[PDB]
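Chemist: Give me a model of this one.
(chains A, B, C, D, E, F, G and H, ligands or ions: 5)
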Amino acid sequence: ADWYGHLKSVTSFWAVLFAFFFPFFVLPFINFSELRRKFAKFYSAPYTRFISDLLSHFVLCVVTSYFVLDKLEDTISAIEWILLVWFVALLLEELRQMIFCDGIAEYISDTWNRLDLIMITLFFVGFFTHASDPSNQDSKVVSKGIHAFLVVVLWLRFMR
Amino acid sequence: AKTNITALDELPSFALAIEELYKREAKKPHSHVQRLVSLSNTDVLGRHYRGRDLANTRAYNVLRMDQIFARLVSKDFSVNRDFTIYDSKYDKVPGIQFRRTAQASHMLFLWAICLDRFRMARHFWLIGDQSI
Amino acid sequence: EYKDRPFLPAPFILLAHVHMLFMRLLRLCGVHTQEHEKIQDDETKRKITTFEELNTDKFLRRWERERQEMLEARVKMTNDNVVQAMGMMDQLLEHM
Amino acid sequence: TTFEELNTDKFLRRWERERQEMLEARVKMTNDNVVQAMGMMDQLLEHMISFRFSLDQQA
Amino acid sequence: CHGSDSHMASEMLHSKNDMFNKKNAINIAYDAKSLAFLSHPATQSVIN
Amino acid sequence: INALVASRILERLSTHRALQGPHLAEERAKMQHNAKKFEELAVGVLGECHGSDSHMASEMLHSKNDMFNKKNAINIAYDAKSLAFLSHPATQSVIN
Amino acid sequence: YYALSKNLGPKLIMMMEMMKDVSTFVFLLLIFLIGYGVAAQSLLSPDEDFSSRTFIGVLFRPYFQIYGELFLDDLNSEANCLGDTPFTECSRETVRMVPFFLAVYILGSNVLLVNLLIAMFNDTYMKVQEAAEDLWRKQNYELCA
Amino acid sequence: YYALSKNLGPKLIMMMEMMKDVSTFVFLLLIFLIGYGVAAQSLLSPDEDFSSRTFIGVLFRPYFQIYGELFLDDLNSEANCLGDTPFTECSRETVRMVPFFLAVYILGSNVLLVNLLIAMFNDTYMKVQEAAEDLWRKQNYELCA
Ligand SMILES: CC(C)CCC[C@@H](C)[C@H]1CC[C@H]2[C@@H]3CC=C4C[C@@H](O)CC[C@]4(C)[C@H]3CC[C@]12C
Ligand SMILES: CC(C)CCC[C@@H](C)[C@H]1CC[C@H]2[C@@H]3CC=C4C[C@@H](O)CC[C@]4(C)[C@H]3CC[C@]12C
Ligand SMILES: CC(C)CCC[C@@H](C)[C@H]1CC[C@H]2[C@@H]3CC=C4C[C@@H](O)CC[C@]4(C)[C@H]3CC[C@]12C
Ligand SMILES: CC(C)CCC[C@@H](C)[C@H]1CC[C@H]2[C@@H]3CC=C4C[C@@H](O)CC[C@]4(C)[C@H]3CC[C@]12C
Ligand SMILES: CC(C)CCC[C@@H](C)[C@H]1CC[C@H]2[C@@H]3CC=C4C[C@@H](O)CC[C@]4(C)[C@H]3CC[C@]12C
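Modeler: Numbering: from 1, shown residues only, chains lettered A, B, ... in the order given. Ligands and ions are numbered 1, 2, ... in the order given. Shown next is the protein structure:
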């Protein structure tokens, strides 16, 4: 009941996903409460934050998968810049939850946080390998070689 | 009091006696029988159609309760009652004395299942027939 | 964990991060949020207290009733009752 | 009807016989019988002590 | 019933009752959602 | 041998065409029960014999009986379809 | 038409019960299949525009490799390795990691997931066998009716 | 001649007990084998008079594909697809559904049915092991006699 945010109609994957994608068409009608208040209540629910985290990580996996399958250009591409911004944002979120929420011991105890550090580390090595010499063919092949390891980990972060 | 409906006027004295047992028990505070009858959404004859004096003064007649129990079992349960055998013209029939006491037993049986009194239920179940 | 996580998803969490930094700057230099919450009334607290106390008494009565109906416990009670029965007969003969 | 009624009576007699032969039920019956036995001894002593007061002290 | 006379018990389970809509006991049992009654060997023997 | 023969006769009689009928039900049940009891006695004495002196018990199981067609007890047991008797360690030791 | 049989009918009810374990196996495999497929297709063919053939290659080879058909001769041909040993004397040194990824992958799929599916089916069958027999006995009357 | 042995004899009795589970597996597979075989043979070879070779092809390839021998190179040759990717650049667009049908089929046969056979054998063995030992002990005297 705490997971779903004290609601009774949006209590499955499809219902919360459908309401999440179409906010103005399913939320007024399917009102449970066990307009503004309901909107403020649904999106603060923990389940809704999971579905936002799930969709975000799924797009990250699809976009990064497309980036590693498609050929690298002779300069840093637009999709590469988007992924750079995304992984800095991920790195800042990991550092904030380390330095300013639980503690360094509590963070490193979790196995998924260690996997998160490995992901961020793999992307930055591969990026800097490509970005050091963007027109070099050898730099592109090595960069894709490091980014192969980067994609398997993203698909395991779905196990979480 | 006399009623214009021919089905409720055809009922025997003991049917009114079970109606009295339901009525006396129903007047108690927080009784589930009243809640069941009110939430049933049926008329005086128990049909699912949802004047007022007949619907409140004789709300616990056996035909309506039979309909409520029938809806509790399944969607096509329909218990058949035959009160015509309680008239004095059928006294010469040999086996009628068992029939008249079995049917009677059955409704009392149903009342005892409603109020959740297992011992009284077992006794009326034993008196009648069609045990299984 | 997902109660405390910001709503905004990952590519856009930077907005959430700068918003939290803005809240820290507003809190450390002229605080005006005050972290206001909601407090339950005394009537509903006394209702919860009454319910919990009543069910505590009900479980203890039920638990006591359950332990006295166990077989092992029943056999022990017959045994001490029989020993007390012989004791009562010994004092009876003495009187006889 | 006769067959069903006869077998209903037979199952109820058999069921009653089966529940009284369970161990748990047997232990409960010995227990209430023993408590009634002490009760009967308490009223017996009372009669014994009453008889002692009634006769021995009368002489 | 099945212990005493299997054939007459079978005859009993097939009997149409006047009180309800001429439904036998197996139809009643299915309507009562009695899994224990339906899985019994006597009932299964009549169904077979 | 008599206990095995007795067990076989009671089990076959309990399912025979001449004991079917509404009034014979309790009787039938009783025969099955008694059959089982006789089977237990045949196994039990055999076990006792094997416990006391294994070689003499083996000598006992090989003995030809004049009353029946010079059949030993294992042949009788097979004819009585006593799975419990045949699976016993004493009987298996003599068969080996 | 097999539901009438006393052997085939309850098994059909249990097959419908195990379908959730089948779905669990599919969700866990999907993770390793798409991860390994994107990685392996990128290592085998760097420098190629994305097309429909890239997507087939990602779905195609990783799926059949879990049934024992290992396309190692075909992967040797695609990797442009000219050595007698299968993954030596290649044009790019990165493509020599393809058999390693593959090894991990089949360790994940055949050794770990398939045997866990066997374990889930044994547990699931022992749990719901009696309920399946009872449900088949109710369906015996339903089919007769 | 193995019935005399205390290890091999009871196992032989249990093998005869499991034969019903083997028959159950055969009846369930037969459904998927003939369904997939008729569909796959028709997709691979449209426009061909029915003959004995059509019937062999329906029985032949679907049966061995359940033992891990996947004739994907042979199906690529029969489909007349000339692309580097196995099921691209074909004459007919319908024949590209043959690997999909096949995927479903081996999911039905290897993933679902084989593991259910493992589950039925474990349950069947635990159920009839003691009865098999007792029956072997009666057969010990029968063989001696
Ligand atoms: C824990 C896991 C994720 C560690 C992953 C390590 C990866 C990113 C590193 C470790 C060693 C690296 C390899 C070391 C040397 C070479 C040879 C060079 O000519 C091409 C790149 C290549 C083939 C590298 C590719 C990337 C590589 C495989
Ligand atoms: C996953 C963690 C635990 C272990 C990772 C091991 C990885 C980094 C190792 C295992 C085998 C390694 C490969 C073995 C041999 C060669 C050939 C050489 O000419 C270039 C590097 C290359 C291609 C290696 C790259 C790194 C490699 C793939
Ligand atoms: C008991 C089990 C787990 C043993 C595991 C065996 C592992 C360590 C073996 C099996 C297959 C091997 C690979 C086979 C071929 C090649 C290509 C070569 O150019 C570099 C090494 C590399 C990539 C090997 C790395 C080590 C490897 C992955
Ligand atoms: C069984 C249900 C649940 C799903 C059915 C999926 C079917 C209809 C889908 C899955 C994969 C699909 C094929 C994928 C790609 C191609 C190539 C294209 O050039 C023609 C259509 C064709 C050949 C598709 C036909 C339809 C297809 C077979
Ligand atoms: C976890 C498991 C269930 C993943 C399932 C993978 C499925 C979706 C994959 C595996 C093999 C794939 C097929 C392989 C090749 C072809 C031929 C191509 O011309 C059209 C698509 C088609 C027909 C693919 C459709 C999708 C497919 C059936």
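Chemist: tell me, how many neighbours does residue A:73 end up with?
Modeler: Each residue near residue A:73 was counted by other C-beta atoms under 10 Å in any protein chain shown, and the total is 14. Using the backbone N, CA and C atoms, a C-beta is placed for each residue, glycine as well.
Chemist: quick one: is the helix or strand containing residue C:54 near chain D?
Modeler: Assigned by DSSP states H and E, residue C:54 belongs to helix C:42-68. No. Residues of helix C:42-68 contacting chain D under C-beta under 8 Å from any C-beta of the partner chain: none, with a closest distance of 10.4 Å.
Chemist: between the very next helix or strand once past that helix and helix C:42-68, how big is the angle?
Modeler: The first helix or strand that comes after helix C:42-68 along the chain, using DSSP H and E, is helix C:71-95. Relative orientation of helix C:71-95 versus helix C:42-68 (axes from the mean of the first three to the mean of the last three C-alpha atoms, to 10 degrees): 60 degrees.
Chemist: and helix C:71-95, what other elements does it pack with?
Modeler: For helix C:71-95, the elements it packs on are helix C:42-68, helix D:23-55, judged by 3 or more C-beta pairs under 8 Å, 6 or more residues apart in numbering or on different chains; DSSP states H and E.
Chemist: cutoff 6 Å now
Modeler: helix D:23-55 (3 or more C-beta pairs under 6 Å, 6 or more residues apart in numbering or on different chains; DSSP states H and E).
Chemist: next one: the helix it packs on to chain centre, how far?
Modeler: 11 Å (C-alpha atoms, centre = their mean, to the nearest Å).
Chemist: all helices for the chain, in order.
Modeler: Using chain A here. Assigned by DSSP state H, chain A shows helices spanning A:13-21, A:23-26, A:36-42, A:46-69, A:78-99, A:104-109, A:111-132, A:137-156.
Chemist: Can you look at chain E instead?
Modeler: Using DSSP H, helices in chain E cover E:6-13, E:25-31, E:35-38, E:41-47.
Chemist: Show me what the third one is packed up against.
Modeler: Read that as helix E:35-38. Looks like helix E:35-38 contacts helix G:115-144 (3+ C-beta pairs under 6 Å, 6+ apart).
Chemist: Now do the nearest residue to residue A:8 once chain neighbours are set aside against residue A:13, distance only.
Modeler: Closest residue in space to residue A:8, ignoring its immediate chain neighbours: residue A:32 at 3.9 Å, by C-beta to C-beta, 6 or more residues apart in numbering or on different chains. Distance of residue A:32 to residue A:13, given as C-beta to C-beta, to the nearest Å: 17 Å.
Chemist: For the residue most central in space within chain B, list the residues it contacts.
Modeler: By C-alpha atoms, centre = their mean, the mean C-alpha position of chain B lies nearest to residue B:62, the distance being 2.4 Å. For residue B:62, the contact set (C-beta atoms under 6 Å, 6 or more residues apart in numbering or on different chains) comprises B:15, B:18, B:107.
Chemist: Could you rerun that using 10 Å?
Modeler: Taking C-beta atoms under 10 Å, 6 or more residues apart in numbering or on different chains as the contact definition, residue B:62 lies against B:8, B:11-12, B:14-19, B:22, B:46, B:81, B:83, B:107-108, B:110-111.
Chemist: So which of those are in helices?
Modeler: B:8, B:14, B:15, B:16, B:17, B:18, B:19, B:22, B:107, B:108, B:110, B:111.
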